[PDB]
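Asker: Supplied in structure tokens, the structure appears directly below.
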Amino acid sequence: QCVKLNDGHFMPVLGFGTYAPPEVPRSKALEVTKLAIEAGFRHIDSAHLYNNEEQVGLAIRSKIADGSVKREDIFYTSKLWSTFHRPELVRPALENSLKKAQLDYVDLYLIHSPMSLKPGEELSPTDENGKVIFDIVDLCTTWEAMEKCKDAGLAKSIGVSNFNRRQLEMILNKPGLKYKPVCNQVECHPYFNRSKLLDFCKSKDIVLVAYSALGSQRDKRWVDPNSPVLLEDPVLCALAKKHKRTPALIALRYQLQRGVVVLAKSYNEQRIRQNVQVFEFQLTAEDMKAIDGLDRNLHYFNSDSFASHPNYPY
Ligand SMILES: NC(=O)c1ccc[n+]([C@@H]2O[C@H](COP(=O)([O-])OP(=O)(O)OC[C@H]3O[C@@H](n4cnc5c(N)ncnc54)[C@H](OP(=O)(O)O)[C@@H]3O)[C@@H](O)[C@H]2O)c1
Ligand SMILES: O=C1C[C@@H](c2ccc(O)cc2)Oc2cc(O)ccc21
């Protein structure tokens with residue numbers, strides 16, 4: 001069901017991923033988020049970047065209004081985008097996300113990325129020649145503002161995302177730190193299991209939350225289309241046939257059994273309903289080591305632009 005975070009709040013171990021590319025109409029996010037909740041999902045992952053907070057927020061309020069759930073049954077996550085790292089922009093950004101979602105609080109607010117961008121109204125500020133424009137921000141000052149947000153009850157819990165071990169220790173060793181990150185949300189799948197990072201997070205009681213756990217949406221803007229398709233993996237497919245389940249269910253169950261909290265995006269009613277079946281079966285110890293063996297040091301997200309960022313975690 002849930003795992004106890006280091007601030008005493010509780011996070012459900014299966015989460016619905018709400019990101020869709022801009023080519024998908026905004027109305028779908030409202031439709032599918034209601035369906036996710038209808039199928040059993042209680043953890044819901046959004047962000048300012050996704051341009052979908054209004055719709056995801058309305059789906060939550062929809063399912064509270066019709067009596068299916070109460071607000072305290074729902075774990076709602078947003079993320080501070082990289083153009084708002086400067087400490088004075090953090091709380092208005094969160095307050096802006098609350099207003100879009102028409103909620104009083106988020107269950108979880110994250111620094112979306114350590115790679116600061118130029119402040120402004122543009123998600124991806126690019127210079128006179130189309131190159132992204134970086135900013136330089138001491139992320140400890142950003143974290144201090146995150147902590148103020150938790151102390152104001154605007155975020156029940158705070159954490160980070162796309163941080164490496166070095167960027168985490170910077171927070172953990174900050175003088176006067178008040179709140180440790182409750183999680184580190186990072187790319188994690190059988191082709192990149194992050195076992196070393198996972199062990200470091202366990203050592204600090206930091207939850208690792210896996211994104212692109214099914215191999216990502218393979219958007220060619222960000223992912224090489226000729227990379228291996230995770231769900232087409234023969235070991236995963238052979239384990240699906242063995243357990244009368246499906247490659248995606250295998251890949252999801254793998255993370256739960258390693259103590260990872262796992263996200264799964266789908267905008268397809270039947271696949272949404274299928275993913276909640278992850279709680280219905282068990283992987284053996286022999287299957288787990290076989291999935292461990294698929295690790296290929298492959299992060300699907302690749303960008304020559306962000307690779308030169310003095311904050312690039314890889
Ligand atoms: N913090 C970060 O930097 C970050 C980065 C990436 C993602 N995330 C979060 O993590 C979420 C999930 O990651 P993701 O968007 O990369 O996708 P994902 O969870 O890895 O899913 C990849 C694809 O799998 C398909 N799928 C879903 N269930 C399936 C099933 N049972 N059988 C077969 N295929 C299935 C989906 O297609 P259909 O929609 O057609 O079903 C989806 O496009 C995101 O939505 C977002 O909330 C965070
Ligand atoms: O699929 C993407 C694209 C990518 C991105 C978009 C715009 C940009 O300027 C930089 C990165 O970040 C993401 C973050 C997320 O949480 C989920 C999905 C993605």
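Going by the structure tokens order, chains are called A, B, ..., each with residues numbered from 1, while ligands are numbered from 1 in the order shown.
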Can you write out as a Markdown table which residues of range 118-172 of chain A fall within 12 Å of range 25-49 of chain A, alongside each residue's closest atom pair and its distance in Å to one decimal, counting only C-alpha atoms and ordering rows by chain and ascending residue number?
Answerer:
```
| residue | atom | partner | partner_atom | distance |
| --- | --- | --- | --- | --- |
| A:121 | CA | A:49 | CA | 11.7 |
| A:122 | CA | A:49 | CA | 10.4 |
| A:123 | CA | A:49 | CA | 7.0 |
| A:124 | CA | A:49 | CA | 9.7 |
| A:161 | CA | A:47 | CA | 11.4 |
```
Asker: Give the residue list for ligand 1 at 6 Å, counting only C-alpha atoms and all ligand atoms, as JSON, numbers by chain, sorted by chain and then by residue number.
Answerer: {"A": [17, 18, 19, 45, 46, 112, 161, 162, 185, 211, 212, 213, 214, 215, 216, 217, 248, 263, 264, 265, 266, 267, 268, 271, 274, 275]}
Asker: Range 17-208 of chain A: which residues are strand (DSSP E) by DSSP, as an NGL selection string?
Answerer: :A and (17 or 43-45 or 75-80 or 106-111 or 155-161 or 183-187 or 207-208)
Asker: Save the residues we just selected, N, CA and C atoms, as a PDB file, in the first residue's frame?
Answerer:
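For reference, result_38.pdb as written:
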```pdb
ATOM      1  N   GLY A  17       1.334   8.454 -13.540  1.00  0.00           N
ATOM      2  CA  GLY A  17       2.091   9.505 -14.209  1.00  0.00           C
ATOM      3  C   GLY A  17       1.194  10.247 -15.184  1.00  0.00           C
ATOM      4  N   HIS A  43      -1.954   7.759  -5.682  1.00  0.00           N
ATOM      5  CA  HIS A  43      -0.817   8.662  -5.846  1.00  0.00           C
ATOM      6  C   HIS A  43      -0.877   9.231  -7.266  1.00  0.00           C
ATOM      7  N   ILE A  44      -0.752  10.561  -7.406  1.00  0.00           N
ATOM      8  CA  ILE A  44      -0.924  11.260  -8.689  1.00  0.00           C
ATOM      9  C   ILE A  44       0.247  12.230  -8.885  1.00  0.00           C
ATOM     10  N   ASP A  45       1.008  12.051  -9.957  1.00  0.00           N
ATOM     11  CA  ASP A  45       2.227  12.828 -10.185  1.00  0.00           C
ATOM     12  C   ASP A  45       2.015  13.836 -11.309  1.00  0.00           C
ATOM     13  N   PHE A  75      -2.819  11.301  -2.797  1.00  0.00           N
ATOM     14  CA  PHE A  75      -1.451  11.796  -2.651  1.00  0.00           C
ATOM     15  C   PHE A  75      -1.124  12.541  -3.941  1.00  0.00           C
ATOM     16  N   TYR A  76      -1.082  13.877  -3.870  1.00  0.00           N
ATOM     17  CA  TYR A  76      -0.888  14.717  -5.046  1.00  0.00           C
ATOM     18  C   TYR A  76       0.483  15.383  -5.028  1.00  0.00           C
ATOM     19  N   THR A  77       1.219  15.211  -6.117  1.00  0.00           N
ATOM     20  CA  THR A  77       2.575  15.721  -6.240  1.00  0.00           C
ATOM     21  C   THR A  77       2.615  16.753  -7.352  1.00  0.00           C
ATOM     22  N   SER A  78       3.246  17.893  -7.078  1.00  0.00           N
ATOM     23  CA  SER A  78       3.654  18.831  -8.101  1.00  0.00           C
ATOM     24  C   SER A  78       5.166  19.048  -7.971  1.00  0.00           C
ATOM     25  N   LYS A  79       5.721  19.804  -8.909  1.00  0.00           N
ATOM     26  CA  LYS A  79       7.158  20.042  -8.952  1.00  0.00           C
ATOM     27  C   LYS A  79       7.460  21.468  -9.380  1.00  0.00           C
ATOM     28  N   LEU A  80       8.406  22.072  -8.681  1.00  0.00           N
ATOM     29  CA  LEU A  80       8.917  23.399  -9.000  1.00  0.00           C
ATOM     30  C   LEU A  80       9.782  23.328 -10.249  1.00  0.00           C
ATOM     31  N   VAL A 106      -0.354  20.599  -1.647  1.00  0.00           N
ATOM     32  CA  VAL A 106       0.126  19.396  -2.317  1.00  0.00           C
ATOM     33  C   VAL A 106       0.609  18.432  -1.247  1.00  0.00           C
ATOM     34  N   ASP A 107       0.445  17.137  -1.502  1.00  0.00           N
ATOM     35  CA  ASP A 107       1.056  16.160  -0.612  1.00  0.00           C
ATOM     36  C   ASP A 107       2.579  16.169  -0.763  1.00  0.00           C
ATOM     37  N   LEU A 108       3.071  16.510  -1.949  1.00  0.00           N
ATOM     38  CA  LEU A 108       4.501  16.452  -2.220  1.00  0.00           C
ATOM     39  C   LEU A 108       4.845  17.529  -3.230  1.00  0.00           C
ATOM     40  N   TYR A 109       5.851  18.343  -2.909  1.00  0.00           N
ATOM     41  CA  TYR A 109       6.401  19.345  -3.811  1.00  0.00           C
ATOM     42  C   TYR A 109       7.886  19.057  -4.001  1.00  0.00           C
ATOM     43  N   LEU A 110       8.327  18.992  -5.253  1.00  0.00           N
ATOM     44  CA  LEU A 110       9.694  18.591  -5.572  1.00  0.00           C
ATOM     45  C   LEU A 110      10.417  19.690  -6.336  1.00  0.00           C
ATOM     46  N   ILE A 111      11.725  19.808  -6.102  1.00  0.00           N
ATOM     47  CA  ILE A 111      12.578  20.451  -7.096  1.00  0.00           C
ATOM     48  C   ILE A 111      12.682  19.501  -8.281  1.00  0.00           C
ATOM     49  N   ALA A 155       2.881  22.455   1.363  1.00  0.00           N
ATOM     50  CA  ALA A 155       3.323  21.134   0.947  1.00  0.00           C
ATOM     51  C   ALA A 155       3.413  20.255   2.182  1.00  0.00           C
ATOM     52  N   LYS A 156       2.748  19.105   2.142  1.00  0.00           N
ATOM     53  CA  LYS A 156       2.858  18.196   3.279  1.00  0.00           C
ATOM     54  C   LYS A 156       4.279  17.664   3.398  1.00  0.00           C
ATOM     55  N   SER A 157       4.905  17.351   2.259  1.00  0.00           N
ATOM     56  CA  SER A 157       6.270  16.845   2.209  1.00  0.00           C
ATOM     57  C   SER A 157       7.020  17.457   1.035  1.00  0.00           C
ATOM     58  N   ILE A 158       8.335  17.538   1.177  1.00  0.00           N
ATOM     59  CA  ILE A 158       9.162  18.118   0.131  1.00  0.00           C
ATOM     60  C   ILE A 158      10.271  17.145  -0.220  1.00  0.00           C
ATOM     61  N   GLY A 159      10.704  17.201  -1.480  1.00  0.00           N
ATOM     62  CA  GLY A 159      11.744  16.319  -1.961  1.00  0.00           C
ATOM     63  C   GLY A 159      12.390  16.859  -3.222  1.00  0.00           C
ATOM     64  N   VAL A 160      13.201  16.012  -3.864  1.00  0.00           N
ATOM     65  CA  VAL A 160      13.908  16.416  -5.067  1.00  0.00           C
ATOM     66  C   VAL A 160      13.690  15.388  -6.171  1.00  0.00           C
ATOM     67  N   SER A 161      14.216  15.720  -7.344  1.00  0.00           N
ATOM     68  CA  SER A 161      14.045  14.874  -8.507  1.00  0.00           C
ATOM     69  C   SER A 161      15.216  15.111  -9.448  1.00  0.00           C
ATOM     70  N   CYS A 183      12.082  12.151  -0.727  1.00  0.00           N
ATOM     71  CA  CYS A 183      12.283  11.217  -1.830  1.00  0.00           C
ATOM     72  C   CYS A 183      13.276  11.825  -2.801  1.00  0.00           C
ATOM     73  N   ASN A 184      13.737  11.000  -3.744  1.00  0.00           N
ATOM     74  CA  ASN A 184      14.452  11.461  -4.939  1.00  0.00           C
ATOM     75  C   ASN A 184      13.796  10.774  -6.131  1.00  0.00           C
ATOM     76  N   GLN A 185      13.035  11.517  -6.940  1.00  0.00           N
ATOM     77  CA  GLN A 185      12.358  10.941  -8.105  1.00  0.00           C
ATOM     78  C   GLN A 185      13.307  10.934  -9.305  1.00  0.00           C
ATOM     79  N   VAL A 186      13.625   9.746  -9.820  1.00  0.00           N
ATOM     80  CA  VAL A 186      14.657   9.591 -10.848  1.00  0.00           C
ATOM     81  C   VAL A 186      14.252   8.510 -11.853  1.00  0.00           C
ATOM     82  N   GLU A 187      14.891   8.542 -13.029  1.00  0.00           N
ATOM     83  CA  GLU A 187      14.669   7.506 -14.029  1.00  0.00           C
ATOM     84  C   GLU A 187      15.170   6.173 -13.495  1.00  0.00           C
ATOM     85  N   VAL A 207      13.223   7.821  -0.006  1.00  0.00           N
ATOM     86  CA  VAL A 207      12.555   6.960  -0.979  1.00  0.00           C
ATOM     87  C   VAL A 207      13.041   7.307  -2.383  1.00  0.00           C
ATOM     88  N   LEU A 208      13.377   6.291  -3.161  1.00  0.00           N
ATOM     89  CA  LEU A 208      13.576   6.490  -4.584  1.00  0.00           C
ATOM     90  C   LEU A 208      12.230   6.278  -5.262  1.00  0.00           C
TER      91      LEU A 208
END
```
Asker: Can you pull out every residue within 12 Å of residue 120 in chain A, counting only C-alpha atoms, but drop anything in the same chain fewer than 2 positions away, and send it as a PyMOL selection string?
Answerer: chain A and resi 81-86+89+93+116-118+122-126+133-135
Asker: Enter the distance from CA of residue 313 in chain A to CA of residue 164 in chain A, in Å, rounded to one decimal.
Answerer: 5.4 Å
Asker: So what do you get for CA of residue 151 in chain A versus CA of residue 102 in chain A, distance-wise?
Answerer: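 Computing it gives 20.1 Å between the two atoms.
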Asker: List every residue of range 143-295 of chain A that DSSP, applied to the backbone, labels as alpha helix (DSSP H), and write the result as a ChimeraX atom specification.
Answerer: /A:143-151,165-172,195-203,234-243,247-257,269-275,285-292
Asker: Taking C-alpha atoms for each residue, export the selection above as a PDB file, in the first residue's frame.
Answerer:
```
ATOM      1  CA  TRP A 143      15.769  24.040  -0.529  1.00  0.00           C
ATOM      2  CA  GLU A 144      15.479  26.555   2.311  1.00  0.00           C
ATOM      3  CA  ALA A 145      12.492  27.996   0.474  1.00  0.00           C
ATOM      4  CA  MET A 146      11.060  24.495  -0.040  1.00  0.00           C
ATOM      5  CA  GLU A 147      11.306  23.984   3.729  1.00  0.00           C
ATOM      6  CA  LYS A 148       9.424  27.237   4.350  1.00  0.00           C
ATOM      7  CA  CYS A 149       6.671  25.835   2.117  1.00  0.00           C
ATOM      8  CA  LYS A 150       6.348  22.717   4.269  1.00  0.00           C
ATOM      9  CA  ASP A 151       6.287  24.834   7.419  1.00  0.00           C
ATOM     10  CA  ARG A 165      24.318  11.272  -4.900  1.00  0.00           C
ATOM     11  CA  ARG A 166      26.569  14.338  -4.890  1.00  0.00           C
ATOM     12  CA  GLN A 167      23.654  16.753  -5.290  1.00  0.00           C
ATOM     13  CA  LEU A 168      21.761  14.939  -2.523  1.00  0.00           C
ATOM     14  CA  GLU A 169      24.682  15.034  -0.088  1.00  0.00           C
ATOM     15  CA  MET A 170      24.917  18.784  -0.717  1.00  0.00           C
ATOM     16  CA  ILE A 171      21.409  19.043   0.735  1.00  0.00           C
ATOM     17  CA  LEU A 172      22.000  16.468   3.469  1.00  0.00           C
ATOM     18  CA  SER A 195      21.002   0.064  -7.499  1.00  0.00           C
ATOM     19  CA  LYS A 196      23.898   2.113  -6.123  1.00  0.00           C
ATOM     20  CA  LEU A 197      21.779   5.259  -5.828  1.00  0.00           C
ATOM     21  CA  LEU A 198      18.957   3.191  -4.336  1.00  0.00           C
ATOM     22  CA  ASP A 199      21.269   1.861  -1.615  1.00  0.00           C
ATOM     23  CA  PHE A 200      22.460   5.360  -0.800  1.00  0.00           C
ATOM     24  CA  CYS A 201      18.880   6.594  -0.572  1.00  0.00           C
ATOM     25  CA  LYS A 202      17.948   3.660   1.692  1.00  0.00           C
ATOM     26  CA  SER A 203      20.911   4.561   3.885  1.00  0.00           C
ATOM     27  CA  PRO A 234      12.978 -11.172 -23.823  1.00  0.00           C
ATOM     28  CA  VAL A 235      13.651 -11.757 -20.119  1.00  0.00           C
ATOM     29  CA  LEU A 236      10.723  -9.478 -19.257  1.00  0.00           C
ATOM     30  CA  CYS A 237       8.455 -11.117 -21.829  1.00  0.00           C
ATOM     31  CA  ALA A 238       9.455 -14.616 -20.693  1.00  0.00           C
ATOM     32  CA  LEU A 239       8.637 -13.616 -17.104  1.00  0.00           C
ATOM     33  CA  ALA A 240       5.269 -12.191 -18.193  1.00  0.00           C
ATOM     34  CA  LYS A 241       4.350 -15.476 -19.867  1.00  0.00           C
ATOM     35  CA  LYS A 242       5.515 -17.409 -16.791  1.00  0.00           C
ATOM     36  CA  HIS A 243       3.382 -15.360 -14.374  1.00  0.00           C
ATOM     37  CA  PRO A 247       5.911  -7.125 -19.503  1.00  0.00           C
ATOM     38  CA  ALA A 248       4.711  -3.850 -17.985  1.00  0.00           C
ATOM     39  CA  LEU A 249       3.372  -5.591 -14.883  1.00  0.00           C
ATOM     40  CA  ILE A 250       6.706  -7.408 -14.478  1.00  0.00           C
ATOM     41  CA  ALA A 251       8.632  -4.145 -14.756  1.00  0.00           C
ATOM     42  CA  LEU A 252       6.333  -2.460 -12.221  1.00  0.00           C
ATOM     43  CA  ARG A 253       6.405  -5.349  -9.741  1.00  0.00           C
ATOM     44  CA  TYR A 254      10.200  -5.380  -9.917  1.00  0.00           C
ATOM     45  CA  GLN A 255      10.373  -1.918  -8.331  1.00  0.00           C
ATOM     46  CA  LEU A 256       7.879  -2.570  -5.521  1.00  0.00           C
ATOM     47  CA  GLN A 257       9.869  -5.627  -4.441  1.00  0.00           C
ATOM     48  CA  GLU A 269      -8.405   2.966 -19.910  1.00  0.00           C
ATOM     49  CA  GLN A 270      -7.525  -0.722 -20.150  1.00  0.00           C
ATOM     50  CA  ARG A 271      -3.797  -0.228 -19.573  1.00  0.00           C
ATOM     51  CA  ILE A 272      -4.550   2.020 -16.575  1.00  0.00           C
ATOM     52  CA  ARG A 273      -6.777  -0.680 -15.127  1.00  0.00           C
ATOM     53  CA  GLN A 274      -4.139  -3.293 -15.943  1.00  0.00           C
ATOM     54  CA  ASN A 275      -1.344  -1.522 -14.049  1.00  0.00           C
ATOM     55  CA  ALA A 285      13.956 -14.277  -5.722  1.00  0.00           C
ATOM     56  CA  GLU A 286      15.147 -15.979  -8.907  1.00  0.00           C
ATOM     57  CA  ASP A 287      13.087 -13.662 -11.129  1.00  0.00           C
ATOM     58  CA  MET A 288      14.385 -10.627  -9.228  1.00  0.00           C
ATOM     59  CA  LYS A 289      18.049 -11.518  -9.867  1.00  0.00           C
ATOM     60  CA  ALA A 290      17.213 -12.183 -13.514  1.00  0.00           C
ATOM     61  CA  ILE A 291      15.700  -8.691 -13.814  1.00  0.00           C
ATOM     62  CA  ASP A 292      18.709  -7.268 -11.938  1.00  0.00           C
TER      63      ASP A 292
END
```
Asker: A:221, A:91, A:4, A:99: which is nearest ligand 2, counting only C-alpha atoms and all ligand atoms?
Answerer: A:221
Asker: Calculated over only C-alpha atoms and all ligand atoms, which of the candidates A:229, A:94, A:132, A:3 has the smallest distance to ligand 2?
Answerer: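 Closest to ligand 2, using only C-alpha atoms and all ligand atoms: A:132.
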Asker: Tell me which of A:173, A:98, A:52, A:105 sits closest to ligand 2, counting only C-alpha atoms and all ligand atoms.
Answerer: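 For ligand 2, the nearest of the candidates is A:52.
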Asker: May I ask which of the residues A:55, A:284, A:302, A:227 is the closest one to ligand 2, counting only C-alpha atoms and all ligand atoms?
Answerer: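 The closest residue to ligand 2 is A:302.
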Asker: Find the residues around residue 54 in chain A up to 8 Å (only C-alpha atoms counted), leave out those fewer than 2 positions away in its own chain, and share them as a PyMOL selection string.
Answerer: chain A and resi 51-52+56-58+100-102
Asker: Using only C-alpha atoms, can you tell me which of A:182, A:14, A:209, A:177 comes closest to residue 277 in chain A?
Answerer: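 Nearest to residue 277 in chain A: A:14.
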